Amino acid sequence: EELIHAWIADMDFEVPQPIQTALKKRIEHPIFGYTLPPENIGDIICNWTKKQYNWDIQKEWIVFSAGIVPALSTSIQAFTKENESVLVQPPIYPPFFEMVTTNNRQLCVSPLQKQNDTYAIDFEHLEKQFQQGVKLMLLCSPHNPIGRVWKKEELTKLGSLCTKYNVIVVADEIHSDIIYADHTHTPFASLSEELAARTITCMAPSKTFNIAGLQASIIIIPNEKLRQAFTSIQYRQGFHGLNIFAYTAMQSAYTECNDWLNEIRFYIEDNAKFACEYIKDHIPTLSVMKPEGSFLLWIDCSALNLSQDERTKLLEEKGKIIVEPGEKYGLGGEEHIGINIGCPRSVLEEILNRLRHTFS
């Protein structure tokens, strides 16, 4: 009876207490004018990358942005010219396509290849695209929506191609802190100095701690030449820095929420296991590749041979549920749906229940 929205971008868990506490505290100082980044924020961020990924960065490499997508667009404007090619690997988070085309760059794609039980990069096909003169690549790592956490060996092969054909890489690593137990996130730029010199790395506490609304993002750009190009775009667009509470939330997110994050990682991973088993056992018309990170489940509905409209209608009428349609993710997205497993188990159980009824 009661409609459900199985897909939201945000995790369905309350923000860590320490963050709320930091925000309330900031308010008891009732001056809210122009602010520079707190003195310690740079050291706080350097510590985070070392602690989380064994990645040593310089404070000078840090640039702030009010969101990752803005950062993607800034990179496109800074590092390519109109009518130059920008490559992505579908199925991929839709704003990737949008930021390319709305800026009048040419879209190139190198679709990921669904293997048995996993998605993989098609290095042969990708190299062909680079031979066509790709200038910039938007890498998603971990990859939304399929949930791949790229292994060192995969990223190294990718990096070899990027060095060979001189492709600048924008690494969207916003899901880098929600990594499952048997996996480890390797920042693309950390592989070598060579790759650090051609990578713009985009990170944020937004998804991790559920503070997307606060608009805090951290862009790391080792190469001073690329970094100056990036900030020059920001400047001409009138960027002033982040809002006051973006800095406050970051300060707390990266220092006082380690326990919370550990508990959330485990809870989400358990949700992923629960859902993949449930679908395997009770909805045989569906198939799902187990995610290695993030809190999105990516479900293949191709066995039902439904059009997007048929599927969507059947889902809301017969299942009273609204999920993420996959078609807009590009090649590989057709006949797929996405659901948010970053929610209470009781809630996830009900969602799975609705899916069973619909496709059974």
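Position 1 is the first residue in the sequence shown; the rest follow in order.
151-159 and 222-230 differ in mean CA B-factor, and the higher of the two is recorded for 151-159. Stretches 273-281 and 201-209 differ in mean CA B factor, with 273-281 having the higher one. Among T80, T101, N116, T186, the highest C-alpha B-factor recorded in the PDB entry belongs to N116.
When the C-alpha B factors of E310, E327, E324, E60 are read from the deposited coordinates, the top value falls at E310. Ranked within its chain, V69 lands in the lowest third, by CA B factor from the PDB record. When the modelled residues of the chain are ordered by C-alpha B-factor, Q237 sits in the lowest third. In the PDB entry, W260 places in the highest third of its chain by CA B-factor. Ranked against the other modelled residues of its chain, the C-alpha B-factor of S287 as given in the entry falls in the highest third. Residue-level temperature factors show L139 in the lowest third of its chain, judged at the C-alpha atom.
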